[PDB]
Each structure stands twice: as structure tokens, then as C-alpha cells.
file structure_37.txt (compact mmCIF, C-alpha atoms and all ligand atoms)
# COMPACT_ATOMS: atom_id res chain seq x y z
CA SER A 51 -16.79 -0.16 7.51
CA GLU A 52 -19.96 0.58 9.55
CA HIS A 53 -17.78 2.48 12.04
CA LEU A 54 -15.38 4.01 9.49
CA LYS A 55 -15.04 7.73 10.14
CA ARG A 56 -14.47 9.12 6.66
CA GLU A 57 -13.58 12.64 7.82
CA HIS A 58 -10.59 11.24 9.76
CA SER A 59 -9.47 8.95 6.95
CA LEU A 60 -7.25 9.32 3.89
CA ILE A 61 -8.50 7.11 1.06
CA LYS A 62 -7.68 7.16 -2.67
CA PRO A 63 -8.27 9.09 -4.84
CA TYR A 64 -7.93 11.49 -1.90
CA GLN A 65 -10.87 13.79 -1.53
CA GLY A 66 -10.57 17.22 -3.14
CA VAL A 67 -7.13 16.70 -4.66
CA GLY A 68 -8.22 15.87 -8.21
CA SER A 69 -11.71 17.40 -8.10
CA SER A 70 -13.79 20.39 -7.04
CA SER A 71 -14.50 18.60 -3.71
CA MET A 72 -13.10 19.88 -0.36
CA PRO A 73 -9.97 18.10 0.86
CA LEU A 74 -9.88 16.38 4.26
CA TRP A 75 -6.09 16.72 4.73
CA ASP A 76 -3.43 19.41 4.31
CA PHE A 77 -0.36 18.27 2.36
CA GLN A 78 2.82 19.91 3.70
CA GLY A 79 6.55 19.94 3.00
CA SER A 80 8.07 17.48 0.52
CA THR A 81 4.75 15.57 0.36
CA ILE A 82 3.40 14.87 -3.14
CA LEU A 83 0.34 12.97 -4.39
CA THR A 84 -0.33 10.39 -7.07
CA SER A 85 -3.70 8.70 -7.71
CA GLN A 86 -2.33 5.64 -5.86
CA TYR A 87 -0.35 6.96 -2.88
CA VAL A 88 0.67 9.98 -0.87
CA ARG A 89 4.47 10.15 -0.84
CA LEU A 90 5.74 12.02 2.22
CA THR A 91 9.35 11.98 0.97
CA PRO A 92 11.02 10.71 -2.17
CA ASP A 93 14.21 8.65 -1.97
CA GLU A 94 16.23 11.87 -1.87
CA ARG A 95 18.25 13.54 0.86
CA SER A 96 17.18 16.26 3.30
CA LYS A 97 13.40 16.06 2.84
CA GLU A 98 10.58 16.52 5.34
CA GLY A 99 6.92 16.04 4.48
CA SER A 100 3.68 15.69 6.40
CA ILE A 101 -0.09 15.35 6.07
CA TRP A 102 -2.51 16.70 8.66
CA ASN A 103 -6.24 15.92 9.03
CA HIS A 104 -8.49 19.00 8.86
CA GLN A 105 -10.84 18.22 11.74
CA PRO A 106 -9.89 17.46 15.36
CA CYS A 107 -10.87 13.96 16.49
CA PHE A 108 -13.39 13.87 19.37
CA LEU A 109 -13.70 10.05 19.50
CA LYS A 110 -12.71 8.61 22.88
CA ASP A 111 -12.21 5.10 21.51
CA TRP A 112 -10.64 4.58 18.10
CA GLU A 113 -8.49 2.41 15.92
CA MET A 114 -6.39 3.72 13.03
CA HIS A 115 -5.23 1.40 10.26
CA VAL A 116 -2.37 2.66 8.12
CA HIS A 117 -1.40 1.11 4.85
CA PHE A 118 2.13 2.46 4.29
CA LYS A 119 5.15 1.60 2.20
CA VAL A 120 8.79 2.30 3.04
CA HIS A 121 11.08 1.45 0.18
CA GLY A 122 14.23 2.63 -1.55
CA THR A 123 17.47 1.75 -3.23
CA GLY A 124 20.13 2.62 -0.63
CA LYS A 125 22.62 -0.23 -0.32
CA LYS A 126 23.48 -2.15 2.88
CA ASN A 127 22.22 -0.08 5.85
CA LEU A 128 22.33 3.29 4.02
CA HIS A 129 18.71 4.38 4.23
CA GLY A 130 16.49 6.41 6.55
CA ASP A 131 15.01 7.95 8.49
CA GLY A 132 11.41 6.75 8.93
CA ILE A 133 7.79 7.72 9.45
CA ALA A 134 5.95 9.24 12.44
CA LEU A 135 2.20 8.92 13.04
CA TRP A 136 0.70 11.63 15.19
CA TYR A 137 -2.24 12.32 17.42
CA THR A 138 -1.33 15.78 18.64
CA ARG A 139 -2.53 19.17 19.83
CA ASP A 140 -0.78 21.01 17.02
CA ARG A 141 -0.72 20.33 13.30
CA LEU A 142 1.30 21.40 10.24
CA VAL A 143 4.50 22.42 12.08
CA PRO A 144 7.60 20.93 10.47
CA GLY A 145 10.61 19.89 12.54
CA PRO A 146 13.32 17.32 13.27
CA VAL A 147 11.05 14.51 14.50
CA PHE A 148 10.57 12.54 11.27
CA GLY A 149 9.56 15.80 9.62
CA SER A 150 7.36 17.29 12.37
CA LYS A 151 7.84 19.49 15.49
CA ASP A 152 9.65 18.39 18.62
CA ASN A 153 8.25 19.18 22.11
CA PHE A 154 4.83 18.11 20.87
CA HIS A 155 1.65 17.47 22.90
CA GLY A 156 0.06 14.02 22.49
CA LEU A 157 1.03 10.69 20.99
CA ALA A 158 3.71 9.69 18.48
CA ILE A 159 4.23 6.31 16.90
CA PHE A 160 7.67 6.23 15.27
CA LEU A 161 8.69 3.75 12.54
CA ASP A 162 12.46 4.34 12.71
CA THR A 163 14.56 2.66 10.00
CA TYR A 164 18.07 3.90 10.83
CA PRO A 165 20.04 3.29 14.07
CA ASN A 166 21.54 6.69 14.89
CA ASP A 167 22.63 5.34 18.26
CA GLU A 168 26.15 3.95 18.08
CA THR A 169 25.59 2.05 21.32
CA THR A 170 22.03 0.88 20.61
CA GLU A 171 20.69 -2.30 22.22
CA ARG A 172 17.79 -2.38 19.72
CA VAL A 173 17.36 -4.14 16.35
CA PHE A 174 16.08 -1.95 13.47
CA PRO A 175 13.69 -1.01 12.01
CA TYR A 176 12.15 -0.20 15.39
CA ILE A 177 8.59 0.93 16.07
CA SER A 178 8.05 2.82 19.32
CA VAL A 179 5.54 5.09 21.04
CA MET A 180 6.11 8.38 22.88
CA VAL A 181 3.65 10.47 24.91
CA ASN A 182 4.49 14.14 25.45
CA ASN A 183 3.19 17.14 27.38
CA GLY A 184 5.42 19.67 25.56
CA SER A 185 8.44 19.17 27.84
CA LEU A 186 10.13 16.22 26.15
CA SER A 187 12.52 16.32 23.24
CA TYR A 188 12.96 13.29 20.97
CA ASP A 189 16.71 12.67 20.96
CA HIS A 190 17.08 11.79 17.27
CA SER A 191 20.76 10.92 17.62
CA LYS A 192 19.89 8.17 20.16
CA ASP A 193 16.74 6.98 18.35
CA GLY A 194 14.66 8.46 21.18
CA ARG A 195 16.18 6.14 23.76
CA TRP A 196 15.37 8.30 26.77
CA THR A 197 11.69 8.87 25.92
CA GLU A 198 10.61 5.44 24.61
CA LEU A 199 7.43 4.24 26.35
CA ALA A 200 7.40 0.88 24.55
CA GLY A 201 8.45 -0.54 21.18
CA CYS A 202 9.31 -3.53 19.04
CA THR A 203 11.59 -4.46 16.17
CA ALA A 204 9.63 -4.73 12.88
CA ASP A 205 10.75 -5.76 9.38
CA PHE A 206 8.69 -3.38 7.27
CA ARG A 207 11.10 -2.07 4.64
CA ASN A 208 11.23 -3.17 1.00
CA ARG A 209 8.63 -5.92 1.35
CA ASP A 210 7.09 -7.67 -1.70
CA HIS A 211 3.53 -7.35 -0.37
CA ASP A 212 1.42 -4.70 1.39
CA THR A 213 2.46 -3.58 4.90
CA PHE A 214 0.01 -2.24 7.49
CA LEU A 215 -0.02 -0.79 11.01
CA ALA A 216 -2.86 -0.63 13.51
CA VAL A 217 -2.99 1.83 16.42
CA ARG A 218 -5.84 1.30 18.87
CA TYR A 219 -6.62 3.60 21.75
CA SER A 220 -9.45 2.96 24.25
CA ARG A 221 -9.87 3.30 28.03
CA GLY A 222 -6.17 4.05 28.51
CA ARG A 223 -4.99 1.01 26.58
CA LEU A 224 -2.70 1.76 23.64
CA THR A 225 -2.06 -1.13 21.27
CA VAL A 226 0.11 -1.12 18.16
CA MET A 227 -0.03 -4.14 15.83
CA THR A 228 1.62 -4.89 12.49
CA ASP A 229 0.67 -6.81 9.33
CA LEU A 230 3.97 -7.22 7.49
CA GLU A 231 4.16 -10.91 6.50
CA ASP A 232 1.23 -11.17 4.04
CA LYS A 233 -0.71 -13.30 6.54
CA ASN A 234 -3.76 -11.04 6.78
CA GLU A 235 -3.16 -10.97 10.54
CA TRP A 236 -2.39 -8.32 13.19
CA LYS A 237 0.74 -9.27 15.18
CA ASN A 238 1.35 -7.52 18.47
CA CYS A 239 4.06 -4.89 18.75
CA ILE A 240 3.09 -2.70 21.71
CA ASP A 241 0.33 -3.19 24.27
CA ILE A 242 0.36 -0.85 27.24
CA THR A 243 -2.10 0.73 29.64
CA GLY A 244 -2.37 3.90 31.74
CA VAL A 245 -2.04 6.15 28.70
CA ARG A 246 -3.97 9.44 29.18
CA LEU A 247 -4.81 11.43 26.03
CA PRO A 248 -7.44 14.12 25.44
CA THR A 249 -10.04 14.28 22.70
CA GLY A 250 -9.75 17.18 20.22
CA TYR A 251 -6.28 16.37 18.85
CA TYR A 252 -5.28 15.95 15.15
CA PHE A 253 -4.23 12.87 13.24
CA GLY A 254 -1.13 13.36 11.10
CA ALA A 255 1.71 11.48 9.44
CA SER A 256 5.19 12.66 8.55
CA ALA A 257 8.53 11.44 7.34
CA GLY A 258 12.07 12.67 7.11
CA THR A 259 15.28 11.91 5.20
CA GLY A 260 18.74 13.31 6.09
CA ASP A 261 22.07 12.16 4.66
CA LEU A 262 20.14 8.89 4.06
CA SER A 263 16.83 8.50 2.34
CA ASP A 264 13.88 6.27 1.37
CA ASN A 265 10.49 6.65 -0.18
CA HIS A 266 7.98 7.02 2.67
CA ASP A 267 4.47 6.45 1.28
CA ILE A 268 1.00 6.48 2.91
CA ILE A 269 -1.57 4.62 0.78
CA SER A 270 -4.46 4.95 3.21
CA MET A 271 -5.34 5.85 6.78
CA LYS A 272 -8.67 4.46 7.94
CA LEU A 273 -10.00 5.54 11.30
CA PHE A 274 -12.67 3.43 13.01
CA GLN A 275 -14.85 4.40 15.93
CA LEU A 276 -14.90 1.72 18.61
CA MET A 277 -18.28 1.37 20.31
CA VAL A 278 -17.18 1.33 23.92
CA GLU A 279 -19.33 2.08 26.93
CA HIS A 280 -18.61 5.06 29.13
CA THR A 281 -20.74 5.63 32.24
CA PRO A 282 -22.52 8.99 32.96
CA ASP A 283 -19.75 9.62 35.54
CA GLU A 284 -17.01 8.94 32.94
CA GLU A 285 -18.87 10.93 30.22
CA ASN A 286 -19.33 14.15 32.27
CA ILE A 287 -15.64 15.16 32.59
CA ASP A 288 -14.18 17.42 29.90
CA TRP A 289 -12.12 15.00 27.83
CA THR A 290 -10.63 17.87 25.76
CA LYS A 291 -8.73 19.08 28.83
CA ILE A 292 -6.93 15.80 29.71
CA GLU A 293 -3.18 16.43 29.87
CA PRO A 294 -1.17 13.88 27.86
CA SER A 295 0.51 11.63 30.42
CA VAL A 296 1.12 8.03 31.44
CA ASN A 297 0.30 6.38 34.76
CA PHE A 298 2.78 3.63 35.72
CA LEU A 299 2.18 0.43 37.64
CA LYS A 300 4.53 0.23 40.61
CA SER A 301 7.31 -2.39 40.89
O1 LIG A 401 23.20 16.50 6.65
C1 LIG A 401 21.88 17.02 6.45
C2 LIG A 401 20.89 16.38 7.43
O2 LIG A 401 21.42 16.51 8.73
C3 LIG A 401 20.65 15.89 9.76
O3 LIG A 401 20.38 14.51 9.53
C4 LIG A 401 21.41 13.71 10.07
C5 LIG A 401 20.77 12.59 10.90
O4 LIG A 401 19.90 13.15 11.88
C6 LIG A 401 20.04 11.56 10.02
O5 LIG A 401 19.47 10.51 10.78
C7 LIG A 401 21.06 11.01 9.05
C8 LIG A 401 20.46 9.91 8.16
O6 LIG A 401 19.51 10.46 7.28
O7 LIG A 401 21.48 12.10 8.25
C9 LIG A 401 22.22 13.13 8.92
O8 LIG A 401 23.49 12.67 9.39
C10 LIG A 401 19.31 16.61 9.87
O9 LIG A 401 19.58 17.95 10.24
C11 LIG A 401 18.61 16.53 8.52
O10 LIG A 401 17.40 17.26 8.59
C12 LIG A 401 19.51 17.05 7.40
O11 LIG A 401 18.87 16.81 6.17
CA CA A 402 16.91 6.67 13.98
CL CL A 403 -8.99 11.63 1.60
CL CL A 404 19.70 13.36 -2.85
CL CL A 405 23.00 11.12 14.35
CL CL A 406 9.17 -9.64 1.40
CL CL A 407 3.56 -8.64 11.14
call {"tool": "encode", "arguments": {"input": "structure_37.txt", "output": "C-alpha cells", "more": "lines below"}}
Ligand SMILES: OC[C@H]1O[C@H](O[C@H]2[C@@H](O)[C@H](O)[C@@H](CO)O[C@@H]2O)[C@@H](O)[C@@H](O)[C@@H]1O
Ligand SMILES: [Ca+2]
Ligand SMILES: [Cl-]
Ligand SMILES: [Cl-]
Ligand SMILES: [Cl-]
Ligand SMILES: [Cl-]
Ligand SMILES: [Cl-]
result
Amino acid sequence: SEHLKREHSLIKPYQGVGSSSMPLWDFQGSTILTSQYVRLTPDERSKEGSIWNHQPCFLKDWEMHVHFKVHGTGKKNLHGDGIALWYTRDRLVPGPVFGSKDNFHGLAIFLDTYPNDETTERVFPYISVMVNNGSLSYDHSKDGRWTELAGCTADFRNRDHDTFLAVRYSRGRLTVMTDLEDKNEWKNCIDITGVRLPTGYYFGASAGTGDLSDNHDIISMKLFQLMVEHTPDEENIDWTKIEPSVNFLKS
């Protein structure tokens, strides 16, 4: 907690919601609050909700831990659609990508609970990452097949114990880990390198329901600064002007 950045975190009872204090997040769309959780959508159809951090993040090296809960009463496979976690240029704009805008700038981590793709080769729920410069559209009907950078299957729905995600970004390495099995352990999901993201973007979370639904709750988001060396050469460039992109190792 020494490196907890409170201004980039969402922690109960949620600052400024139930008091005269100033809030640290904007609550948008279907989102509602209780003293115990932020609920982005209820288990009802055609909802879109988001939360957006007030201040841009200027940390070069960070790790976000998200305590979330996806749960509902839909029978068999009749539930959806999932949660998106954002580190993006823009904030507050609703849209078709789990409740937030398409053609975004920055990083998305999708926790997709419904296979829209009739010819999918993936097992759901499926957690994936996407990096965008404004040009790409998330093809919702194909579960973002064409724009997936990396991903993993993850059993996070309707669990009897707390479920957590970690997203770590430092020196181009993007790692996503899960804690879904009540083992107090981070299990790898995604670990990739060559990911270029600027400082000055906003953390956000969103969720959407369509003809299928689920409760999509965020209990906390805790952002930690990683103490990572950058040389005077590395430090001098303007990190706010980095264009979101990915460098790829050749075959
Ligand atoms: O029918 C209203 C609903 O339509 C669209 O959602 C569709 C699809 O994208 C969803 O994955 C599934 C499962 O929830 O539902 C629909 O078939 C969207 O336009 C959505 O916003 C809307 O509520
Ligand atoms: Ca889907
Ligand atoms: Cl808060
Ligand atoms: Cl409904
Ligand atoms: Cl569809
Ligand atoms: Cl369980
Ligand atoms: Cl896990």
C-alpha cells in the first residue's frame, strides 16, 4: 500500500458519493452505487454503464488490481455481455464496446462472457486485450476476433468467492493475471511485450447487456505505482505524445 495511488483508485465507501468530499470518479450510464459495490449494469437487458477516473494517469509503470463480480440468473448460456477495463485518451463516451465508445485510443481489457461468434474457436468467458489508435473497430458480433492482441479463457462468472484481475504495464510489457480460484494467487492470462502506450490517459471500466444480461460489479480498483528505473535518455522524451501501437517480433 506504500505505492497505492489513491487518486487513481476506487475504494469503498467511494470518495464523495455519500459525503461532502470530492469524488474521484464519474458514474455514467446504468451505473449505480451501494456502500459495498459499484454496479455497472443490473441483470437486466439493454444496459450500458461506465465509471471514469477524474485525473489522467501520468505513471509510466503501474499495476491495476480489480476486484469485480460478474453474476446473474440467466439459465444455460443465456447471459452477457461482459466488462471492459480501459486506459484511454477519451473518457465518459458510451458506445457498443461493453458500454463504451468504439474506435478508441489506448488499451482495452475485455472480459467477454458470451460467444457472439457462431464459428468461434475460443472457450468462454474469454479475457483479451486490444490496443487502438482510433482506426480499429471492435467487431462485437465476432467477439473481437480480428483485433485480439492476446487472450485466455477464464472462469470468472458466478463464483462462490472473490474474483480479481491484475493488469500490469511497464517498459512495454503488458501482463494480465487472474485470481479466480480462491488460492490467493495471480495466475497468468496474458503476457506480451512491445506494447506502446502514452502517459496522460484515463482509467475506466464499463459493462454492457443486450438481449442477455448479468450483474457487472466493480468492488474496487487499486492502482499501484511500480518503482522502475528510467534513464535520463528514456525520461527526456514526451511520454504523453506516444501513439498507442504494438511492435511485433518477426517470425
Ligand atoms: O436487442 C437489443 C440489443 O441489441 C444488441 O445486442 C445484441 C448483441 O450484440 C448482444 O451480444 C446480445 C447478447 O446480449 O444481445 C443482442 O442480440 C445491441 O445493440 C445492444 O446494445 C441492444 O441492447
Ligand atoms: Ca461476446
Ligand atoms: Cl473512490
Ligand atoms: Cl430485462
Ligand atoms: Cl451478435
Ligand atoms: Cl465457485
Ligand atoms: Cl485464477
call {"tool": "closest_atom_pairs", "arguments": {"input": "structure_37.txt", "of": "chain A", "to": "ligand CL 406 (chain A)", "cutoff": "7 Å", "atoms": "all atoms listed in the file", "output": "JSON lines"}}
result
{"residue": "A:208", "atom": "CA", "partner": "A:CL406", "partner_atom": "CL", "distance": 6.8}
{"residue": "A:209", "atom": "CA", "partner": "A:CL406", "partner_atom": "CL", "distance": 3.8}
{"residue": "A:210", "atom": "CA", "partner": "A:CL406", "partner_atom": "CL", "distance": 4.2}
{"residue": "A:211", "atom": "CA", "partner": "A:CL406", "partner_atom": "CL", "distance": 6.3}
call {"tool": "residues_near_ligand", "arguments": {"input": "structure_37.txt", "ligand": "ligand CL 403 (chain A)", "cutoff": "12 Å", "atoms": "all atoms listed in the file", "output": "VMD selection string"}}
result
chain A and resid 55 to 69 71 to 77 83 85 to 88 101 to 104 268 to 273
call {"tool": "residues_near_ligand", "arguments": {"input": "structure_37.txt", "ligand": "ligand LIG 401 (chain A)", "cutoff": "10 Å", "atoms": "only C-alpha atoms and all ligand atoms", "output": "ChimeraX atom specification"}}
result
/A:94-98,128-132,145-149,162-167,189-193,258-264
call {"tool": "write_last_selection", "arguments": {"input": "structure_37.txt", "atoms": "C-alpha atoms", "output": "PDB file, keeping the file's coordinate frame"}}
result
ATOM      1  CA  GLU A  94      16.230  11.870  -1.870  1.00  0.00           C
ATOM      2  CA  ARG A  95      18.250  13.540   0.860  1.00  0.00           C
ATOM      3  CA  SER A  96      17.180  16.260   3.300  1.00  0.00           C
ATOM      4  CA  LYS A  97      13.400  16.060   2.840  1.00  0.00           C
ATOM      5  CA  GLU A  98      10.580  16.520   5.340  1.00  0.00           C
ATOM      6  CA  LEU A 128      22.330   3.290   4.020  1.00  0.00           C
ATOM      7  CA  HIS A 129      18.710   4.380   4.230  1.00  0.00           C
ATOM      8  CA  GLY A 130      16.490   6.410   6.550  1.00  0.00           C
ATOM      9  CA  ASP A 131      15.010   7.950   8.490  1.00  0.00           C
ATOM     10  CA  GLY A 132      11.410   6.750   8.930  1.00  0.00           C
ATOM     11  CA  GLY A 145      10.610  19.890  12.540  1.00  0.00           C
ATOM     12  CA  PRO A 146      13.320  17.320  13.270  1.00  0.00           C
ATOM     13  CA  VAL A 147      11.050  14.510  14.500  1.00  0.00           C
ATOM     14  CA  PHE A 148      10.570  12.540  11.270  1.00  0.00           C
ATOM     15  CA  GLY A 149       9.560  15.800   9.620  1.00  0.00           C
ATOM     16  CA  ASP A 162      12.460   4.340  12.710  1.00  0.00           C
ATOM     17  CA  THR A 163      14.560   2.660  10.000  1.00  0.00           C
ATOM     18  CA  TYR A 164      18.070   3.900  10.830  1.00  0.00           C
ATOM     19  CA  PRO A 165      20.040   3.290  14.070  1.00  0.00           C
ATOM     20  CA  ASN A 166      21.540   6.690  14.890  1.00  0.00           C
ATOM     21  CA  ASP A 167      22.630   5.340  18.260  1.00  0.00           C
ATOM     22  CA  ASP A 189      16.710  12.670  20.960  1.00  0.00           C
ATOM     23  CA  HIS A 190      17.080  11.790  17.270  1.00  0.00           C
ATOM     24  CA  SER A 191      20.760  10.920  17.620  1.00  0.00           C
ATOM     25  CA  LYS A 192      19.890   8.170  20.160  1.00  0.00           C
ATOM     26  CA  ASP A 193      16.740   6.980  18.350  1.00  0.00           C
ATOM     27  CA  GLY A 258      12.070  12.670   7.110  1.00  0.00           C
ATOM     28  CA  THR A 259      15.280  11.910   5.200  1.00  0.00           C
ATOM     29  CA  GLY A 260      18.740  13.310   6.090  1.00  0.00           C
ATOM     30  CA  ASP A 261      22.070  12.160   4.660  1.00  0.00           C
ATOM     31  CA  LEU A 262      20.140   8.890   4.060  1.00  0.00           C
ATOM     32  CA  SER A 263      16.830   8.500   2.340  1.00  0.00           C
ATOM     33  CA  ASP A 264      13.880   6.270   1.370  1.00  0.00           C
TER      34      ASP A 264
END
call {"tool": "atom_distance", "arguments": {"input": "structure_37.txt", "atom1": "atom CA of residue A:292", "atom2": "atom CA of residue A:247"}}
result
6.1 Å
call {"tool": "residues_around", "arguments": {"input": "structure_37.txt", "residues": "residue A:172", "least_positions_apart": "3", "cutoff": "10 Å", "atoms": "only C-alpha atoms", "output": "NGL selection string"}}
result
:A and (165 or 167 or 169 or 175-176 or 193 or 195 or 201-203)
call {"tool": "residues_around", "arguments": {"input": "structure_37.txt", "residues": "residue A:160", "least_positions_apart": "3", "cutoff": "7 Å", "atoms": "all atoms listed in the file", "output": "NGL selection string"}}
result
:A and (133-135 or 177-179)
call {"tool": "atom_distance", "arguments": {"input": "structure_37.txt", "atom1": "atom CA of residue A:297", "atom2": "atom CA of residue A:173"}}
result
27.2 Å
call {"tool": "atom_distance", "arguments": {"input": "structure_37.txt", "atom1": "atom CA of residue A:230", "atom2": "atom CA of residue A:115"}}
result
12.9 Å
call {"tool": "residues_near_ligand", "arguments": {"input": "structure_37.txt", "ligand": "ligand CL 407 (chain A)", "cutoff": "6 Å", "atoms": "all atoms listed in the file", "output": "compact mmCIF listing (two decimals) with C-alpha atoms, keeping the file's coordinate frame"}}
result
# COMPACT_ATOMS: atom_id res chain seq x y z
CA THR A 228 1.62 -4.89 12.49
CA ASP A 229 0.67 -6.81 9.33
CA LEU A 230 3.97 -7.22 7.49
CA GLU A 231 4.16 -10.91 6.50
CA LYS A 237 0.74 -9.27 15.18
call {"tool": "residues_around", "arguments": {"input": "structure_37.txt", "residues": "stretch 215-219 of chain A", "least_positions_apart": "2", "cutoff": "10 Å", "atoms": "all atoms listed in the file", "output": "PDB file with C-alpha atoms, in the coordinates of the input"}}
result
ATOM      1  CA  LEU A 109     -13.700  10.050  19.500  1.00  0.00           C
ATOM      2  CA  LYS A 110     -12.710   8.610  22.880  1.00  0.00           C
ATOM      3  CA  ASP A 111     -12.210   5.100  21.510  1.00  0.00           C
ATOM      4  CA  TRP A 112     -10.640   4.580  18.100  1.00  0.00           C
ATOM      5  CA  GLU A 113      -8.490   2.410  15.920  1.00  0.00           C
ATOM      6  CA  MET A 114      -6.390   3.720  13.030  1.00  0.00           C
ATOM      7  CA  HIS A 115      -5.230   1.400  10.260  1.00  0.00           C
ATOM      8  CA  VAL A 116      -2.370   2.660   8.120  1.00  0.00           C
ATOM      9  CA  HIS A 117      -1.400   1.110   4.850  1.00  0.00           C
ATOM     10  CA  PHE A 118       2.130   2.460   4.290  1.00  0.00           C
ATOM     11  CA  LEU A 135       2.200   8.920  13.040  1.00  0.00           C
ATOM     12  CA  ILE A 159       4.230   6.310  16.900  1.00  0.00           C
ATOM     13  CA  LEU A 161       8.690   3.750  12.540  1.00  0.00           C
ATOM     14  CA  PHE A 206       8.690  -3.380   7.270  1.00  0.00           C
ATOM     15  CA  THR A 213       2.460  -3.580   4.900  1.00  0.00           C
ATOM     16  CA  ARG A 221      -9.870   3.300  28.030  1.00  0.00           C
ATOM     17  CA  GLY A 222      -6.170   4.050  28.510  1.00  0.00           C
ATOM     18  CA  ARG A 223      -4.990   1.010  26.580  1.00  0.00           C
ATOM     19  CA  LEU A 224      -2.700   1.760  23.640  1.00  0.00           C
ATOM     20  CA  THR A 225      -2.060  -1.130  21.270  1.00  0.00           C
ATOM     21  CA  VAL A 226       0.110  -1.120  18.160  1.00  0.00           C
ATOM     22  CA  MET A 227      -0.030  -4.140  15.830  1.00  0.00           C
ATOM     23  CA  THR A 228       1.620  -4.890  12.490  1.00  0.00           C
ATOM     24  CA  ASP A 229       0.670  -6.810   9.330  1.00  0.00           C
ATOM     25  CA  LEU A 230       3.970  -7.220   7.490  1.00  0.00           C
ATOM     26  CA  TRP A 236      -2.390  -8.320  13.190  1.00  0.00           C
ATOM     27  CA  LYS A 237       0.740  -9.270  15.180  1.00  0.00           C
ATOM     28  CA  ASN A 238       1.350  -7.520  18.470  1.00  0.00           C
ATOM     29  CA  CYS A 239       4.060  -4.890  18.750  1.00  0.00           C
ATOM     30  CA  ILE A 240       3.090  -2.700  21.710  1.00  0.00           C
ATOM     31  CA  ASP A 241       0.330  -3.190  24.270  1.00  0.00           C
ATOM     32  CA  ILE A 242       0.360  -0.850  27.240  1.00  0.00           C
ATOM     33  CA  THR A 243      -2.100   0.730  29.640  1.00  0.00           C
ATOM     34  CA  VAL A 245      -2.040   6.150  28.700  1.00  0.00           C
ATOM     35  CA  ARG A 246      -3.970   9.440  29.180  1.00  0.00           C
ATOM     36  CA  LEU A 247      -4.810  11.430  26.030  1.00  0.00           C
ATOM     37  CA  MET A 271      -5.340   5.850   6.780  1.00  0.00           C
ATOM     38  CA  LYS A 272      -8.670   4.460   7.940  1.00  0.00           C
ATOM     39  CA  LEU A 273     -10.000   5.540  11.300  1.00  0.00           C
ATOM     40  CA  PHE A 274     -12.670   3.430  13.010  1.00  0.00           C
ATOM     41  CA  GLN A 275     -14.850   4.400  15.930  1.00  0.00           C
ATOM     42  CA  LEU A 276     -14.900   1.720  18.610  1.00  0.00           C
TER      43      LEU A 276
END
call {"tool": "decode", "arguments": {"input": "structure_37.txt", "residues": "stretch 227-242 of chain A", "atoms": "C-alpha atoms", "output": "mmCIF file, in the first residue's frame"}}
result
data_model
loop_
_atom_site.group_PDB
_atom_site.id
_atom_site.type_symbol
_atom_site.label_atom_id
_atom_site.label_comp_id
_atom_site.auth_asym_id
_atom_site.auth_seq_id
_atom_site.Cartn_x
_atom_site.Cartn_y
_atom_site.Cartn_z
ATOM 1 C CA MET A 227 -3.291 -12.174 -14.389
ATOM 2 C CA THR A 228 -6.358 -13.609 -12.666
ATOM 3 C CA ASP A 229 -7.259 -14.716 -9.129
ATOM 4 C CA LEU A 230 -10.439 -16.732 -9.581
ATOM 5 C CA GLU A 231 -9.915 -19.979 -7.627
ATOM 6 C CA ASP A 232 -9.691 -18.650 -4.037
ATOM 7 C CA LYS A 233 -5.973 -19.526 -3.926
ATOM 8 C CA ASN A 234 -4.720 -16.016 -3.139
ATOM 9 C CA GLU A 235 -2.519 -16.330 -6.233
ATOM 10 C CA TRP A 236 -2.130 -14.500 -9.568
ATOM 11 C CA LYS A 237 -2.367 -16.954 -12.490
ATOM 12 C CA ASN A 238 -1.107 -15.820 -15.870
ATOM 13 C CA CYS A 239 -3.568 -14.967 -18.621
ATOM 14 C CA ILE A 240 -1.702 -12.638 -20.991
ATOM 15 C CA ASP A 241 1.967 -11.675 -21.044
ATOM 16 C CA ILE A 242 3.153 -9.736 -24.071
#
